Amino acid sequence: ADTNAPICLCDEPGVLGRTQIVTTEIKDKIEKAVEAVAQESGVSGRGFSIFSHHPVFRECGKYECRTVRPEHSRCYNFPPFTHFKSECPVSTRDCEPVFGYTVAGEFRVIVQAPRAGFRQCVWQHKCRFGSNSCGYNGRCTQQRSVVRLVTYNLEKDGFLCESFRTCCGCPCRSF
C-alpha cells in the first residue's frame, strides 16, 4: 500500500487542528439547508426535535454536541463492547469536524450548523505517546471504530449518512 492511512475524525499532525479552511460560502449553504429542515418541521421547537422529522437526521444526526460525553466513544461502548485488559495512557479531545474522510477514503463535508442549532461531536481518544512500549513485551496501539454522521452533498444539495473512523482507545497489544 503506497498511500495508506485509516484517518480518524479530526486527525492532524500539527497538534490535531484544521488541515484546510472550508469556504464560508459552503458553511452558509449548509446553515441555510439546515434552517430549511428546521422549518419544514416547526412543531416541537424545543430542541433537536426540530430535526427529528427528517429521515437522514433521524438516522445518524444524533451525535449532539450538547449531550455527547467522552466515555460514549471509548471502545467499550462500541461493538463488540469489550474492555481492554491493559490500555496505555490516552489523549482525549472533543471533535466537531467540518470535513472527514469516509471508511472508503472519500473526502466529505460533515454537517455543522451552530447558528441553526445542529452540531455533531465525537470525542477522540488517541494513544498519548504514539506507539511506545507498554507491556512486559507490549506496544501501545490505536484502536478505532466506525460512526455514522450526517454529511452534505454539495451537488445534489442533500444530506446523507456516511461512515467515518473514530479513535476510541489505545490498547497495549503485544505488538
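Position 1 is the first residue in the sequence shown; the rest follow in order.
Mean CA B-factor, 47-55 versus 113-121: the higher value falls on 47-55. When the C-alpha B-factors of 69-77 and 100-108 are averaged, 100-108 comes out higher.
You'll see in the entry that, of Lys126, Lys62, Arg144, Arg139, the Cα B factor peaks at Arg139. If you compare the C-alpha temperature factors of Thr166, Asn153, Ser163, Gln20 in the entry, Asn153 comes out highest. For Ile26, the recorded CA temperature factor ranks within the highest third of the chain's modelled residues. Remark: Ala33 belongs to the middle third of its chain, ranked by C-alpha B-factor as recorded.
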